[PDB]
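Two forms of the same protein chain are encoded below as structure tokens; each is given separately, as structure 1 and structure 2.
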Structure 1
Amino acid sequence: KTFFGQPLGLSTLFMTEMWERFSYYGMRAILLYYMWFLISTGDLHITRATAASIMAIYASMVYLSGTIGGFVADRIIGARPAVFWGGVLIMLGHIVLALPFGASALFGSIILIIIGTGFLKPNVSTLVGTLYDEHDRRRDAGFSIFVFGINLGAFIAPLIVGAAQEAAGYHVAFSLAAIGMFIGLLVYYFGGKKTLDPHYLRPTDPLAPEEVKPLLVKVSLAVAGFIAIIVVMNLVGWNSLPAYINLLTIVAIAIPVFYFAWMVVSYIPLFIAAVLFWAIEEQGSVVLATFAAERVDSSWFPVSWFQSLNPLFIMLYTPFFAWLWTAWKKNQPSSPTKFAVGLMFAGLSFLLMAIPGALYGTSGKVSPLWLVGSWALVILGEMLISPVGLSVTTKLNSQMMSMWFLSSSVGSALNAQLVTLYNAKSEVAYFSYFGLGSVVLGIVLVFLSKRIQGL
């Protein structure tokens, strides 16, 4: 007996992640509109631009947090408690928004979810690995199934949580996100005790006695430096929310920049390609979400439901490309070539979105099929770059590996700056330029492709 050919324990981790992703993308699909609401009532004193900026830097920090949680599990608390307590923090984050507060609860929610996801996300993925002996051929299949559970959660949550929001309001919808994580904890806790190795209740590489102090010194100096920067910021009068967002942008970009400088050259165009690609892919929940609400005739259905298109297309495309990369025996494109083309599709997905405004004006409303087409194109690009991203990075070590996972944090950090440029007046130029820019850089990478596959 198996779960799709895999060890039964995969079913537990599959459902754990399904419900965690349910809670996350449920929250994400209505959080921008929530902020709009809070602005409209005078409760939240920011612009819509800044609110878009918040969505982006929020994602950036969630990704950054994720590149840290593995270390914390492996060296300090253990992967199994990391997933558990991570999930508890996430749940608390959604409960905070379900409570009868307004703008004042936003920051606490965000911090809880940033920390919680940093604990849970890398570490569930680690427990999936543990189901398999070192040389088990099923490993890639198992991970492919696990990812399907991720995508399934991402897909149903906007539908269910978005509907809930429109029927019963924001607080009830947010409480549904909390309940989703709770279900995931239930299944995780009781299902985990049945199938997971007891070894992973503890760190597998605990800090040695002489490793504790230098770690403490490092963290302490980092916190002190960060705090000192904020202090100087407030002294020189740079203390608005955009300023704080800018500080976080700089931190998220500085981190790979320093890693590069420390250290490879061949990787820079690949990494820049990844960054730009994730930028465009992460704007679906921000700029495309805005377009959905403002420019699409969606009067008969919740506009949050558009956020389901991204994981729908991932799910549709995935078995096809799985087959494709095996069927394509002779002259399959190299990984650098995949990045190039992947970025070109991202670019096409924005170029497409420039058409309706150019043709019809930006004052009216256009068909939902423009967005459907846009997501169709960007996910095509995702199928090209995502499955080879870690591989091409690895084959070109622990720090640079993380830079691949960092690419999406950097992409979102960049978004925190760019999405503030988006509005009805700039819509066509915005989609045109960043669309065109991505295509062109994709063409640059094609030129560089031969040199790179060589190295």
Structure 2
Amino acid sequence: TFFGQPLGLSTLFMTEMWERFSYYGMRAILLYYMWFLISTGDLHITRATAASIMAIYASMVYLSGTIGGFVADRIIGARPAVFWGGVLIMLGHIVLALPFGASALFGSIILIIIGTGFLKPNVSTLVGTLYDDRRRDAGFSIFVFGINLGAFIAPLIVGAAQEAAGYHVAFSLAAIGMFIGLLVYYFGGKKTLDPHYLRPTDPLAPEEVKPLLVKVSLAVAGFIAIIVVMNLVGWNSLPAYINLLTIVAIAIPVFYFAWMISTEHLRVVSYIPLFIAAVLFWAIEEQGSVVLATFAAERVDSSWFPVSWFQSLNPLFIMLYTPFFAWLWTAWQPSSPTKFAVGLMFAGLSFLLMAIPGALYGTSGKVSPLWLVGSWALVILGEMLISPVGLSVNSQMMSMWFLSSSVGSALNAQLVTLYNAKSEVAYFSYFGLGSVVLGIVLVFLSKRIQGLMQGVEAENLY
């Protein structure tokens, strides 16, 4: 067994671990890469836009994740989704390993967006297919833990590689990480995965094909029309396109939620504060690789080590916190809304903490790296409370997980452009305090939507 679990777990464990290695390896150096392309005159954007790009990239990645489950379940099968998803991710990194500049960015981004949409939701699904069970929750716990190992070592290894041999070599290591994942996935999968997941388990019925096709067509066509009109009237700058993608990412939950919209009416409305809290939390957490990455580079003395390494603090604390929260939930209980609040409070505190060094020491010198260590400590603390990775210690839960992190990232694509040396303290203070307060607002708000909900239930029962 693999820690009391089937050997399929280790196969799937290692597969995701190496995917995460390639992904977060890339995330830890990609913004610095764009900075480098800007300094050499090769990429003609502001650093604000480069920051904005990191954010919308991530948003599209997680948006992709919400439909990959569907594509695998209905059209191509979970097992081919992970494989061809992996292949696309590997090509995405290979594109940046080629001796090119800015021109390869977009191609890279599209491949990894599509590949990650295919791979991430479906590797999770395949974990379930190993069980018919009490082990079922243990296997997911183990899975989640070692997923993070990949996220942990990648900025160290890739970050060192970049320092030594350059960006192109560094990106090629990311490509090799995914490759390793593919080998283990392919040959390990044949041994331990069920053959029926080589096909879709819920294939499109004959009468479902045309309506699906019509819907996809109209969406693509409308999106193309919008872009054509944008170009006709002059709104065709990079930030313009970033704004279009922001709006589309934000519009989706609004339409999805207004769509599902007596007792169940209050349940759907009950989710909305929780969804909004989740979005704000991911907003703060996803700035780790943009705003904190910027602060690391500009405001910390890192003359003696790769500054990309700071991104390891995120998965590090997830692993440090896991055994503790394993005890916490079995020994203890607070409602699901209360959790989302406190988590957003902790994320709020991680930004308020970051306002201190500037307020105290000014912004033109260099502060201790421990400010960042503290900030990641707090925000990850919030992640144990608010994320399903803190629940591990479903499909709708999974898609809403991908969607909320997508929306948070879309929000960041607008917000991180406000961040610079001149605005550092005001930025960290505002969004930090704003987060804490929305954290307090959203807890009492959902509690008493739930309170009124259990009122209507009492009426119907007795």
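Residues that one form lacks are left out of the comparison. Residue 1 is the first residue of structure 1, and the numbers go on in sequence order from there. Between two forms, the rigid core is the largest collection of C-alphas that superpose within 1.5 Å.
A.B. asks: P387: CA shift of at least 2 Å between structure 1 and structure 2 after core fit?
C.D. replies: Moves: yes, 2 Å or greater.
A.B. asks: Taking the rigid core as the superposition reference, indicate whether the CA of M403 shifts 2 angstroms or more between structure 1 and structure 2.
C.D. replies: Yes: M403 shifts by at least 2 Å between structure 1 and structure 2.
A.B. asks: After a core superposition, would you say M18 shifts its C-alpha by at least 2 Å between structure 1 and structure 2?
C.D. replies: No, because once the rigid core is superposed, the C-alpha of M18 moves less than 2 Å between structure 1 and structure 2.
A.B. asks: Can you give the CA shift of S449 between structure 1 and structure 2, in Å, with the two forms fit on their core?
C.D. replies: In the core superposition between structure 1 and structure 2, the C-alpha of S449 moves 5.0 Å.
A.B. asks: Residue runs between structure 1 and structure 2 with every C-alpha shifted 2 Å or more, at least 3 long, rigid core fitted, in sequence order please.
C.D. replies: The segments that shift (3 or more residues, C-alpha shift of 2 Å or more) are 387-392, 397-405, 445-450, 452-455.
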